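The file query.pdb comes next; it holds PDB, C-alpha atoms.
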ATOM      1  CA  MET A   1      66.998 140.949 183.934
ATOM      2  CA  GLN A   2      66.697 141.169 187.742
ATOM      3  CA  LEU A   3      69.966 139.300 188.122
ATOM      4  CA  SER A   4      71.889 142.515 187.523
ATOM      5  CA  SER A   5      74.805 140.657 189.098
ATOM      6  CA  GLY A   6      74.705 138.469 185.988
ATOM      7  CA  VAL A   7      75.371 141.536 183.836
ATOM      8  CA  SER A   8      76.709 144.323 186.073
ATOM      9  CA  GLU A   9      76.948 146.510 182.986
ATOM     10  CA  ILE A  10      74.072 148.902 182.413
ATOM     11  CA  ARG A  11      74.114 148.206 178.677
ATOM     12  CA  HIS A  12      74.651 144.804 177.091
ATOM     13  CA  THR A  13      74.531 143.308 173.606
ATOM     14  CA  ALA A  14      72.233 140.281 173.668
ATOM     15  CA  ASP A  15      68.597 139.330 173.070
ATOM     16  CA  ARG A  16      68.847 138.970 169.286
ATOM     17  CA  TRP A  17      67.076 136.590 166.909
ATOM     18  CA  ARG A  18      67.942 135.880 163.290
ATOM     19  CA  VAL A  19      65.279 134.706 160.818
ATOM     20  CA  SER A  20      66.063 134.335 157.127
ATOM     21  CA  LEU A  21      64.152 134.604 153.857
ATOM     22  CA  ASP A  22      65.384 133.060 150.621
ATOM     23  CA  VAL A  23      64.009 134.209 147.222
ATOM     24  CA  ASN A  24      65.720 137.347 145.895
ATOM     25  CA  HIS A  25      68.194 135.057 144.126
ATOM     26  CA  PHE A  26      65.653 135.405 141.352
ATOM     27  CA  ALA A  27      65.638 139.155 141.981
ATOM     28  CA  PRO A  28      68.283 141.050 143.968
ATOM     29  CA  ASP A  29      67.054 144.488 142.936
ATOM     30  CA  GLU A  30      63.497 143.535 142.067
ATOM     31  CA  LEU A  31      62.956 142.573 145.686
ATOM     32  CA  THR A  32      61.045 144.628 148.210
ATOM     33  CA  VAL A  33      61.190 144.323 151.996
ATOM     34  CA  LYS A  34      58.215 145.815 153.824
ATOM     35  CA  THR A  35      57.592 145.632 157.536
ATOM     36  CA  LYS A  36      53.857 145.689 158.175
ATOM     37  CA  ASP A  37      53.069 146.103 161.900
ATOM     38  CA  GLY A  38      54.517 142.714 162.818
ATOM     39  CA  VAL A  39      53.879 141.295 159.368
ATOM     40  CA  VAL A  40      57.161 140.566 157.638
ATOM     41  CA  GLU A  41      56.886 140.058 153.900
ATOM     42  CA  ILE A  42      59.435 139.865 151.134
ATOM     43  CA  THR A  43      58.319 140.950 147.684
ATOM     44  CA  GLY A  44      60.111 139.372 144.720
ATOM     45  CA  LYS A  45      58.892 139.230 141.138
ATOM     46  CA  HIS A  46      60.477 139.245 137.691
ATOM     47  CA  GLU A  47      59.278 140.094 134.207
ATOM     48  CA  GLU A  48      59.136 137.566 131.332
ATOM     49  CA  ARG A  49      62.373 135.611 131.859
ATOM     50  CA  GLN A  50      63.989 133.429 129.201
ATOM     51  CA  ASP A  51      64.327 129.722 129.957
ATOM     52  CA  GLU A  52      65.448 126.423 128.578
ATOM     53  CA  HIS A  53      61.903 125.431 127.685
ATOM     54  CA  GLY A  54      60.239 128.731 127.070
ATOM     55  CA  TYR A  55      59.806 132.153 128.663
ATOM     56  CA  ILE A  56      58.927 131.957 132.402
ATOM     57  CA  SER A  57      58.368 134.688 135.009
ATOM     58  CA  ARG A  58      57.136 134.226 138.569
ATOM     59  CA  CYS A  59      56.235 136.259 141.620
ATOM     60  CA  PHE A  60      57.261 135.163 145.085
ATOM     61  CA  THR A  61      55.632 136.106 148.359
ATOM     62  CA  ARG A  62      56.447 134.930 151.849
ATOM     63  CA  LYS A  63      54.487 136.467 154.688
ATOM     64  CA  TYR A  64      55.444 136.233 158.351
ATOM     65  CA  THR A  65      52.697 137.394 160.568
ATOM     66  CA  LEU A  66      54.231 137.272 164.007
ATOM     67  CA  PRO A  67      51.744 138.778 166.461
ATOM     68  CA  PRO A  68      53.787 137.668 169.551
ATOM     69  CA  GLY A  69      55.410 141.040 168.990
ATOM     70  CA  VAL A  70      58.149 140.976 166.432
ATOM     71  CA  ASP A  71      59.052 144.578 167.233
ATOM     72  CA  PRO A  72      58.757 146.706 164.032
ATOM     73  CA  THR A  73      61.016 149.423 165.338
ATOM     74  CA  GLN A  74      63.824 147.052 166.090
ATOM     75  CA  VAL A  75      63.599 144.609 163.158
ATOM     76  CA  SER A  76      66.075 145.243 160.308
ATOM     77  CA  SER A  77      67.030 143.113 157.306
ATOM     78  CA  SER A  78      70.232 142.154 155.475
ATOM     79  CA  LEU A  79      70.251 140.991 151.851
ATOM     80  CA  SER A  80      73.122 139.442 149.932
ATOM     81  CA  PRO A  81      73.246 138.716 146.131
ATOM     82  CA  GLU A  82      72.791 135.120 147.215
ATOM     83  CA  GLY A  83      69.217 136.173 147.908
ATOM     84  CA  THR A  84      69.879 135.653 151.573
ATOM     85  CA  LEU A  85      67.460 137.916 153.408
ATOM     86  CA  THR A  86      68.436 137.848 157.109
ATOM     87  CA  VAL A  87      66.022 139.518 159.542
ATOM     88  CA  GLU A  88      67.993 140.064 162.728
ATOM     89  CA  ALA A  89      66.658 141.784 165.794
ATOM     90  CA  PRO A  90      65.498 141.727 169.435
ATOM     91  CA  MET A  91      62.042 140.303 169.919
ATOM     92  CA  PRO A  92      59.611 138.815 172.472
ATOM     93  CA  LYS A  93      60.835 135.292 173.241
ATOM     94  CA  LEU A  94      57.270 134.039 172.737
ATOM     95  CA  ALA A  95      58.047 131.530 169.956
ATOM     96  CA  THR A  96      54.462 130.308 169.731
ATOM     97  CA  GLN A  97      52.690 129.173 166.537
ATOM     98  CA  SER A  98      53.213 130.442 162.985
TER      99      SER A  98
ATOM    100  CA  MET B   1      29.888 107.380 116.313
ATOM    101  CA  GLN B   2      30.069 106.283 112.681
ATOM    102  CA  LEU B   3      29.262 109.808 111.471
ATOM    103  CA  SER B   4      29.037 110.666 107.791
ATOM    104  CA  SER B   5      32.207 108.620 107.318
ATOM    105  CA  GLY B   6      31.816 108.720 103.541
ATOM    106  CA  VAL B   7      35.552 108.181 103.224
ATOM    107  CA  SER B   8      38.203 106.749 105.519
ATOM    108  CA  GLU B   9      40.645 109.659 105.744
ATOM    109  CA  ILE B  10      42.807 107.449 107.931
ATOM    110  CA  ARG B  11      46.101 109.358 107.824
ATOM    111  CA  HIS B  12      48.197 108.400 110.849
ATOM    112  CA  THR B  13      50.787 111.035 109.974
ATOM    113  CA  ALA B  14      50.842 111.613 113.722
ATOM    114  CA  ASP B  15      54.428 111.698 114.990
ATOM    115  CA  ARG B  16      52.895 114.122 117.456
ATOM    116  CA  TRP B  17      54.729 116.647 119.588
ATOM    117  CA  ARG B  18      54.813 116.505 123.366
ATOM    118  CA  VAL B  19      55.853 119.305 125.697
ATOM    119  CA  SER B  20      55.143 119.687 129.411
ATOM    120  CA  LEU B  21      54.387 122.685 131.629
ATOM    121  CA  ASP B  22      54.800 121.010 135.018
ATOM    122  CA  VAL B  23      53.937 123.580 137.731
ATOM    123  CA  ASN B  24      50.303 123.111 138.747
ATOM    124  CA  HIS B  25      51.648 120.905 141.553
ATOM    125  CA  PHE B  26      51.287 124.079 143.549
ATOM    126  CA  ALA B  27      47.903 124.593 141.908
ATOM    127  CA  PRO B  28      45.549 121.821 140.730
ATOM    128  CA  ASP B  29      42.484 124.058 140.381
ATOM    129  CA  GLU B  30      44.250 127.386 140.623
ATOM    130  CA  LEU B  31      45.592 126.635 137.154
ATOM    131  CA  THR B  32      44.272 128.055 133.918
ATOM    132  CA  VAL B  33      45.360 126.689 130.533
ATOM    133  CA  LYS B  34      45.121 129.135 127.620
ATOM    134  CA  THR B  35      45.997 128.597 123.976
ATOM    135  CA  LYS B  36      46.273 131.853 122.085
ATOM    136  CA  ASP B  37      47.217 131.489 118.387
ATOM    137  CA  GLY B  38      50.436 129.571 118.888
ATOM    138  CA  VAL B  39      50.910 131.271 122.229
ATOM    139  CA  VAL B  40      50.813 128.607 124.929
ATOM    140  CA  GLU B  41      50.412 130.043 128.453
ATOM    141  CA  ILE B  42      49.877 128.274 131.742
ATOM    142  CA  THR B  43      48.260 130.405 134.414
ATOM    143  CA  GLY B  44      49.013 129.128 137.928
ATOM    144  CA  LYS B  45      49.192 130.795 141.328
ATOM    145  CA  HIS B  46      49.514 129.216 144.740
ATOM    146  CA  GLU B  47      47.343 129.978 147.744
ATOM    147  CA  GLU B  48      48.685 131.536 150.988
ATOM    148  CA  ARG B  49      50.641 128.594 152.360
ATOM    149  CA  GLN B  50      50.633 127.891 156.054
ATOM    150  CA  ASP B  51      53.949 126.546 157.266
ATOM    151  CA  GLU B  52      55.922 127.019 160.452
ATOM    152  CA  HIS B  53      58.627 128.604 158.314
ATOM    153  CA  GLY B  54      56.275 131.194 156.926
ATOM    154  CA  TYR B  55      53.021 131.702 155.016
ATOM    155  CA  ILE B  56      54.166 131.757 151.345
ATOM    156  CA  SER B  57      52.518 132.056 147.920
ATOM    157  CA  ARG B  58      53.690 132.557 144.360
ATOM    158  CA  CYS B  59      52.436 132.862 140.759
ATOM    159  CA  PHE B  60      53.729 131.007 137.706
ATOM    160  CA  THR B  61      53.662 132.317 134.171
ATOM    161  CA  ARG B  62      55.102 130.530 131.116
ATOM    162  CA  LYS B  63      54.637 131.975 127.661
ATOM    163  CA  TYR B  64      55.577 129.807 124.738
ATOM    164  CA  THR B  65      55.225 131.804 121.606
ATOM    165  CA  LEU B  66      55.517 129.059 119.015
ATOM    166  CA  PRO B  67      54.020 130.283 115.730
ATOM    167  CA  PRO B  68      55.552 127.680 113.281
ATOM    168  CA  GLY B  69      55.639 124.727 115.667
ATOM    169  CA  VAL B  70      52.325 124.629 117.557
ATOM    170  CA  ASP B  71      48.743 124.353 116.111
ATOM    171  CA  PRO B  72      45.930 126.247 117.960
ATOM    172  CA  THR B  73      43.159 123.884 116.913
ATOM    173  CA  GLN B  74      44.683 120.481 117.518
ATOM    174  CA  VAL B  75      46.647 121.250 120.667
ATOM    175  CA  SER B  76      45.187 119.672 123.797
ATOM    176  CA  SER B  77      46.524 119.450 127.327
ATOM    177  CA  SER B  78      46.665 116.747 129.979
ATOM    178  CA  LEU B  79      46.782 117.590 133.670
ATOM    179  CA  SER B  80      47.199 115.306 136.645
ATOM    180  CA  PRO B  81      46.871 116.187 140.374
ATOM    181  CA  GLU B  82      50.649 115.820 140.427
ATOM    182  CA  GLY B  83      50.697 119.104 138.471
ATOM    183  CA  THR B  84      52.046 117.595 135.270
ATOM    184  CA  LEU B  85      50.789 119.532 132.218
ATOM    185  CA  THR B  86      51.437 117.723 128.913
ATOM    186  CA  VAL B  87      50.705 119.551 125.669
ATOM    187  CA  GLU B  88      50.523 116.941 122.923
ATOM    188  CA  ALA B  89      49.403 117.400 119.338
ATOM    189  CA  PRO B  90      50.202 117.583 115.621
ATOM    190  CA  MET B  91      52.021 120.745 114.682
ATOM    191  CA  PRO B  92      52.815 122.645 111.443
ATOM    192  CA  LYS B  93      56.313 121.453 110.569
ATOM    193  CA  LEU B  94      57.606 124.856 109.470
ATOM    194  CA  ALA B  95      61.171 126.032 108.861
ATOM    195  CA  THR B  96      62.028 129.263 110.662
ATOM    196  CA  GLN B  97      59.986 132.392 109.900
ATOM    197  CA  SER B  98      59.858 134.931 107.081
TER     198      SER B  98
END
Output the structure of this file as structure tokens.
Amino acid sequence: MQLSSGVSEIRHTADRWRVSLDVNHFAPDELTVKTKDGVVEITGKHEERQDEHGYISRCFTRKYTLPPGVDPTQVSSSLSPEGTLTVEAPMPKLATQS
Amino acid sequence: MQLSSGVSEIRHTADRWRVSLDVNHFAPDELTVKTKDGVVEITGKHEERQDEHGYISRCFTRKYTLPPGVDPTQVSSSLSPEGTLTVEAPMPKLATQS
């Protein structure tokens, strides 16, 4: 920015943030990622699961409402069987509240 | 009170069973205990959390279908703010089903 001399190149690969969500370990396939105009939510729920002390199923919801401008067009998400949901992308370095 | 205690049916045959459904820690009031003919279910869902790492919420569901091991009339439940749900009571000592 401005200091073109600090980049020289017209195109560069920087300005990237990496936030992570952890839950799909309970559901790798029964997980749903939906980007809602800046609202980042991960849907994860399972049906009647067996357990040591009974039958237990739960639904998990984590909602990230980032108004500062977590760009919806440029925010993608990686998910590994570990239930590691990485949301990596370029975004407004506002880092305000939650 | 004394009641029509015509006889002293004092039978302390109360070994008593004791199982716990600890989860309401995430829900003291948002918890609903339901005993349905041997079916013990604990209804509990959290409320949109507000944390710097995300606004999260979940729902817990445990279904203990114990026909020949849990009585519907004499089963009570203890709950403490700590979200500890003890189900204590005298139960029909049955042997398998059929």
Expected answer as a VMD selection string: chain A residues within 12 Å of chain B, only C-alpha atoms: chain A and resid 19 to 23 39 to 66 95 to 98
Hits of the PyMOL selection byres ((chain B and resi 69-77) around 6) in this structure, as an MDAnalysis selection string: chainID B and resid 37:38 66:68 78 86:87 89 91:92
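RMSD over all C-alpha atoms, after superposing chain B onto chain A with atoms paired in order, amounts to 6.1 Å.
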Separation of CA of residue 85 in chain A from CA of residue 32 in chain A, in Å and rounded to one decimal: 10.6 Å
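With CA of residue 84 in chain A on one side and CA of residue 33 in chain A on the other, the separation reads 12.3 Å.
Going from CA of residue 93 in chain A over to CA of residue 17 in chain A, you cover 9.0 Å.
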Find the smallest box with edges along x, y and z containing every listed atom of range 48-58 of chain A, then add 8 Å on each side and report centre and edge lengths in Å to one decimal, as AutoDock Vina command-line options.
--center_x 61.3 --center_y 131.5 --center_z 132.8 --size_x 24.3 --size_y 28.1 --size_z 27.5
Expected selection from the PyMOL selection byres ((chain A and resi 25) around 9), given as a ChimeraX atom specification: /A:22-24,26-28,80-84
